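Presented as structure tokens, the chain that follows is alone, the form solved without flavin mononucleotide (FMN).
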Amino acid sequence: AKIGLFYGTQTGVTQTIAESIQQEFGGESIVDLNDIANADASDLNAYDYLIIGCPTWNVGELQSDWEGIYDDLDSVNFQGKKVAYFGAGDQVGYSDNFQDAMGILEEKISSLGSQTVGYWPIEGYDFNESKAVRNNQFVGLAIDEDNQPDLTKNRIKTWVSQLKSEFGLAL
């Protein structure tokens, strides 16, 4: 596929979101769904367009599968790659750490020369601090199934439509 979606899941939520994102793009012909627990770093090298999915459920720590590959991200040539991000989190229970893991990953991958795409507005949320916020925007799509499960569908549809322009799929 044109787009490689790599996700780490903890409670299953990230996988569910990953499948919805794939569906909204057009299905398996357009987006490959890859569990990062099953991937080598070289698997990310094969895509010009990447979507990186990671939940935040333990403050200070990355999801275990992303933590295990984090140092090997250096073996990927990220130069020229367009990379989007999404994360599941709880903005009420983790108001000081909302979507931290998504921000940790974007910071690493952007430092390797990739171009972040898919910035997302913070105004639809209620939180105090986030490592994923740059210049009053999220680095990617923030999902909260605990507090805003009714918003997830239209957030994904809106974000994917925005990514199609940045990923050159728009007509």
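C-alpha atoms forming the largest set that superposes within 1.5 Å between two forms make up the rigid core. Numbering starts at 1 and follows the sequence shown.
Farther from the shown form on average, by C-alpha root mean square after a core fit in 4 other deposited structures of this protein, is 52 to 60, of the stretches 52 to 60 and 65 to 73. Rigid core fits of the other structures in 4 other deposited structures of this protein place the C-alpha atoms of one stretch farther away on average; of 114 to 122 and 128 to 136, that stretch is 128 to 136. Between the stretches 156 to 164 and 5 to 13, it is 5 to 13 that shows the larger average CA temperature factor. For the pair 113 to 121 and 55 to 63, the record assigns the higher mean C-alpha temperature factor to 55 to 63. Take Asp144, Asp40, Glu106, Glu28 and read off each C-alpha B-factor from the entry; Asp40 has the highest. Annotation for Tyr70: CA B-factor lies in the highest third of the chain's modelled residues. Per the PDB record, residue ranking by Cα B-factor puts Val139 in the middle third of the chain. Looking at the C-alpha B-factors along this chain, the one for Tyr49 belongs to the lowest third.
Among the modelled residues of its chain, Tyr85 has a C-alpha B-factor that falls in the middle third, as given in the PDB entry. In the deposited entry, the Cα temperature factor of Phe98 sits in the bottom third of values across the chain's modelled residues.
If you look for the form deposited with flavin mononucleotide (FMN) bound, you will not find it shown, but the lines that follow are about it.
Site status: blocked, since flavin mononucleotide (FMN), placed by superposing the C-alphas around its site in the deposited bound form, has 3 or more atoms within 2.4 Å of backbone or C-beta atoms. Put simply, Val59 is close to flavin mononucleotide (FMN) in the deposited bound form: some heavy atom of it is within 4.5 Å.
Interface residue remark: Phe98 is counted as part of the site for flavin mononucleotide (FMN) in the deposited bound form, having a heavy atom within 4.5 Å. Taking the partner from elsewhere, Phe78 is found to have every heavy atom lying beyond 4.5 Å of flavin mononucleotide (FMN) in the deposited bound form. At a distance threshold of 4.5 angstroms between non-hydrogen atoms, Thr152 is out of contact with flavin mononucleotide (FMN) in the deposited bound form. Contact with flavin mononucleotide (FMN) in the deposited bound form, judged as any non-hydrogen atom within 4.5 angstroms, is confined among 107 to 115, 66 to 74, 48 to 56, 24 to 32 to 48 to 56. Highlighted residues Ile3, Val83 and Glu166: none comes within 4.5 Å of flavin mononucleotide (FMN) in the deposited bound form, counting any heavy atom. This chain is displayed alone, yet in the deposited bound form one of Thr9, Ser20, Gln162, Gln148 has a heavy atom within 4.5 Å of flavin mononucleotide (FMN); that residue is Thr9.
Annotation for 86 to 108: interface residues with flavin mononucleotide (FMN) in the deposited bound form are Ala88, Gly89, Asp90, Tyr94, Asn97, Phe98, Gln99 [heavy atom within 4.5 Å].
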